[PDB]
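Quick notes on the structure that follows.
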Amino acid sequence: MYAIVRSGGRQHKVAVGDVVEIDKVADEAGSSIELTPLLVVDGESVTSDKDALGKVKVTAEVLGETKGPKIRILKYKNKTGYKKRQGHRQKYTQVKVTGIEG
Amino acid sequence: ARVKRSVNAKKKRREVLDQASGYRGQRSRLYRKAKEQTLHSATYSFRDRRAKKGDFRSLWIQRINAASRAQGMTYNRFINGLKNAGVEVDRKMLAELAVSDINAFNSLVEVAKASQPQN
Amino acid sequence: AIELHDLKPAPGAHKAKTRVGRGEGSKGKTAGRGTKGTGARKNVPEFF
Amino acid sequence: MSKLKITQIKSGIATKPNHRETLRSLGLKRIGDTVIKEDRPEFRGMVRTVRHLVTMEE
Amino acid sequence: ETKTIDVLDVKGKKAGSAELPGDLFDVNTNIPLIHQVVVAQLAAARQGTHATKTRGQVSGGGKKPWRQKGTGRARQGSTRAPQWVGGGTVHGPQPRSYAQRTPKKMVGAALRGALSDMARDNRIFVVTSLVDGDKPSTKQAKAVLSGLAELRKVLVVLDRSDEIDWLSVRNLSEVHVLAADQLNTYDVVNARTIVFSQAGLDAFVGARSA
RNA sequence: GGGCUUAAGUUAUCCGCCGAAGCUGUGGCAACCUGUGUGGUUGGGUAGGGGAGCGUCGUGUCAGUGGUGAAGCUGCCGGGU
Ligand SMILES: [Mg+2]
Ligand SMILES: [Mg+2]
Ligand SMILES: [Mg+2]
Ligand SMILES: [Mg+2]
Ligand SMILES: [Mg+2]
Ligand SMILES: [Mg+2]
Ligand SMILES: [Mg+2]
Ligand SMILES: [Mg+2]
Ligand SMILES: [Mg+2]
Ligand SMILES: [Mg+2]
Ligand SMILES: [Mg+2]
Ligand SMILES: [Mg+2]
Ligand SMILES: [Mg+2]
Ligand SMILES: [Mg+2]
Ligand SMILES: [Mg+2]
Ligand SMILES: [Mg+2]
Ligand SMILES: [Mg+2]
Ligand SMILES: [Mg+2]
Ligand SMILES: [Mg+2]
Ligand SMILES: [Mg+2]
Ligand SMILES: [Mg+2]
Ligand SMILES: [Mg+2]
Ligand SMILES: [Mg+2]
């Protein structure tokens, strides 16, 4: 039993007990969120249509906020003297999938 | 107030020599030569972080094409069928299904076949 | 009871000195003069 | 008055300054941007001026 | 505010009373003005005896080191050119004075504000004098410790013959001694308290009063 | 380029898809405008103009700290646009 779910314009193949690296959401740690499912597979049984995917709820809980890798941008063009330094971290949020109830 | 440059100067040199700590020849030993490669490295990394989207989408599309052609359906017809059926599972999850859960991918192929315009 | 370490200038009273020709992230290299010509090196008299 | 629906389908790069100013006056700012205008002859004129850059509906 | 207040002359235990004129010892404390006056003070204190030799002042270097062309070396004009080791310094320091011509009204007002801040904070004491007869440092150390703390300013004004108080407080190293005609904003701000002699306060008030 | 007429050529037409740092989705940063609950617009860039900073040395003051080890040098593990 697993679900193709969506969260923040990006999709994940989740299962109960999995830990997913979700785009940062406002809900506080230890609370629970519902991930919108786009597909459910229970083994030789594939729920795909919107009416049935409406009835299924993928519930998960927030664990904490984690940061991505530190990215170092150095925009550069030769023979002009142009440089531009920048950095990025791209915080996300841990999620633990607790249940896929049809 | 005479100021000696060395203590402040060495900082960027240490930074660059650390950033260039896998390069071949002078590019990992000499600050000036390491500096030139770090400019190229940064440009390449920026370009490739944006080309990575296309590279992985191409890989997913190839795998989906192979998996659907195994079912007698081309990639374009498969994607049009999914779009008409209204299943918005993306190239990525579809490729993961093709590699891992081939039965679920084949069920999606049947969905696309049924949702074809048949015209 | 000010004490000497609480004396600070009014905001905007001490503009930072612009230091020129110290990198390409500021007025660097040509030092705000452009390339070639009389103005690249000295000046032009006001009567000329 | 039929409330013309105008959307930008081509970029303003390399177009004539006339065309770019017409897009600005229509309020279109990006490709795919949509504005609603009255069925007024001035707006019909802007649409026909940038007819190669936008599409119009009702 | 221009309120004149009353402090009590002490001489250790108690004595008559003295008036703080108000127009000085009670005015606004313009922090930017005080900062400018103090900075100008320290700039005037600067000595500025620093110098370097330019390429014209470095010894030697008269002739062209070699021919302009044919040698394969860079064109050089003198061995004392700035880019040479041992050559002249381009824009190194030269002797100068750092004194600033701060206006009289600004300097005085700053002094008034500096005095007024700790007048309102009650850090000015007035004593008839320190020490009696002959002069020790032990005595005044006491008189002042009885006053309060040890980051002190003393005013004795009497520029010619107040040797008793001056030489008593001269060696404390947490006391700054001044004549009333030399109060200056820097020292007033640096002081945590001021103790005036009776004559010191009287002479400062007489020198400047409305 | 391989190869292609058994078009993978030309042409008319129809149905799909691929395809960019364009657009959209999601998350972070920033400039400006606006009534100031919202929101809107914007952020490629040489010469160059404006704005705000990092690091080095000296120094006033205050708080200090240092053979139970300062400076410097050199690892590791981290942090910031
Ligand atoms: Mg060029
Ligand atoms: Mg292929
Ligand atoms: Mg430049
Ligand atoms: Mg350069
Ligand atoms: Mg200029
Ligand atoms: Mg030039
Ligand atoms: Mg040049
Ligand atoms: Mg020229
Ligand atoms: Mg010029
Ligand atoms: Mg001119
Ligand atoms: Mg002249
Ligand atoms: Mg000479
Ligand atoms: Mg040579
Ligand atoms: Mg010469
Ligand atoms: Mg010398
Ligand atoms: Mg893209
Ligand atoms: Mg964009
Ligand atoms: Mg977007
Ligand atoms: Mg910019
Ligand atoms: Mg842009
Ligand atoms: Mg510039
Ligand atoms: Mg100690
Ligand atoms: Mg040192």
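Each chain gets a letter, A, B and so on, in the order its sequence line appears, and its residues count up from 1.
Taking a cutoff of 4.0 Å between a charged side-chain nitrogen and a carboxylate oxygen, C:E3 and E:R192 qualify as a salt bridge. Between A:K83 and C:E24, none of the side-chain N atoms (NZ, or NE/NH1/NH2) sits under 4.0 Å from a carboxylate O, so this pair counts as no salt bridge. Using a 4.0 Å cut-off between a side-chain N of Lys or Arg and a carboxylate O of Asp or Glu, B:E15 and B:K12 do not qualify as a salt bridge.
Rounded to a whole Å, the NZ atom of A:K91 is 5 Å from the P atom of F:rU81. Regarding C:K8, its NZ atom lies at a distance of 12 Å from the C1' atom of F:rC62, rounded to whole Å. Going from atom CD1 of D:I13 over to atom P of F:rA20 covers 17 Å, rounded to whole Å. Atom-to-atom, CD of E:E174 to P of F:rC62 comes out at 12 Å; the value is rounded to the nearest Å. In this structure, B:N76 atom CG and F:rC17 atom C1' are separated by 5 Å, rounded to whole Å. If you measure from atom NZ of A:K67 to atom P of F:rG80, you get 4 Å, rounded to the nearest angstrom. Residue A:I22 contributes atom CD1, which lies 11 Å from atom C1' of F:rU26 at whole-angstrom precision. Atom-to-atom, NZ of B:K10 to P of F:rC54 comes out at 25 Å; the value is rounded to the nearest Å.
Proximity note for A:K84 (side chain, C-beta onward) versus F:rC57, F:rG45, F:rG27: the nearest is F:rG45. The side chain of E:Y186 approaches F:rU61 more closely than any other nucleotide in the set F:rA21, F:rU61, F:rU26. Here F:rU56 is the nucleotide among F:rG60, F:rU56, F:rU81 with the atom lying nearest to any side-chain atom of B:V3. Closest contact between the side chain of E:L151 and the listed nucleotides F:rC62, F:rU41, F:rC57 involves F:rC62. The nucleotide whose nearest atom lies closest to any side-chain atom of E:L42 is, among F:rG49, F:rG60, F:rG72, F:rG60. The A:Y82 side chain lies nearest to F:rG44 when the options are F:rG58, F:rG44, F:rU56.
Between B:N119 and F:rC15 there is no side-chain polar atom (N or O) within less than 4.0 angstrom of OP1 or OP2. Note on B:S58: every side-chain N or O is 4.0 Å or more away from OP1 and OP2 of F:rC18. In this model, the phosphate group of F:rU42 is approached by a side-chain N or O of D:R30 to a distance below 4.0 Å at OP1 or OP2. Under 4.0 angstrom from either OP1 or OP2 of F:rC54 there lies no side-chain N or O belonging to B:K11. Here C:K29 does not reach the OP1 or OP2 of F:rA47: none of its side-chain N or O atoms lies under 4.0 Å away. A sub-4.0 Å separation between OP1 or OP2 of F:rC17 and a side-chain N or O of B:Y75 is absent. Contact annotation: B:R14 reaches the phosphate of F:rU74 (side-chain N/O to OP1 or OP2, under 4.0 Å). In this structure, A:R89 reaches the F:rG80 phosphate: one of its side-chain N or O atoms is under 4.0 Å from OP1 or OP2. OP1 or OP2 of F:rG51 sits under 4.0 Å from a side-chain N or O of C:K15.
The nearest heavy atom of RNA chain F to B:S6 and to B:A51 marks one nucleotide each, and the one closer to the 5' end goes with B:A51.
The residue C:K36 sits apart from the nucleic acid: no heavy atom pair falls under 4.0 Å. Within the nucleic acid shown, B:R91 comes within 4.0 Å of sugar-phosphate atoms alone, with no base atom in reach, counting heavy atoms only. Across all strands shown, C:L7 has no heavy atoms under 4.0 Å from either base or sugar-phosphate atoms. Using a 4.0 Å heavy-atom cutoff across all strands shown, C:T30 reaches sugar-phosphate atoms only and no base atom. At a threshold of 4.0 angstrom between heavy atoms, the contacts of E:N190 are confined to the sugar-phosphate backbone, with no base atom among them.
Residue side chain B:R57 does not reach the base of F:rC18 through any donor-acceptor N/O pair under 3.5 Å, judged by distance alone. Within 3.5 Å, no donor on the side chain of A:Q90 pairs with an acceptor on the base of F:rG28, nor the reverse.
A distance-only check finds a donor-acceptor pair linking the side chain of B:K53 to the backbone of B:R49 [under 3.5 Å].
Proximity of residues 29-40 of chain E to RNA chain F (heavy atom under 4.0 angstrom from any strand atom) is not detected for any residue.
Taking the ring centre of A:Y2 as origin, the terminal cationic atom of A:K13 falls inside the region bounded by 6.0 Å and 45° from the ring axis.
Pairing status of F:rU41 against F:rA31: a Watson-Crick or G-U wobble pair, both distances under 3.5 Å.
Separation of atoms NZ (D:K3) and NZ (D:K5) is listed at 13.0 Å; rounding is to 0.5 Å. Between atom OG1 of residue E:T193 and atom CG of residue E:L151 there is a gap of 7.5 Å, rounded to the nearest 0.5 Å.
Between the side chains of A:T66 and A:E21, at least one donor-acceptor pair of N or O atoms lies under 3.5 Å.
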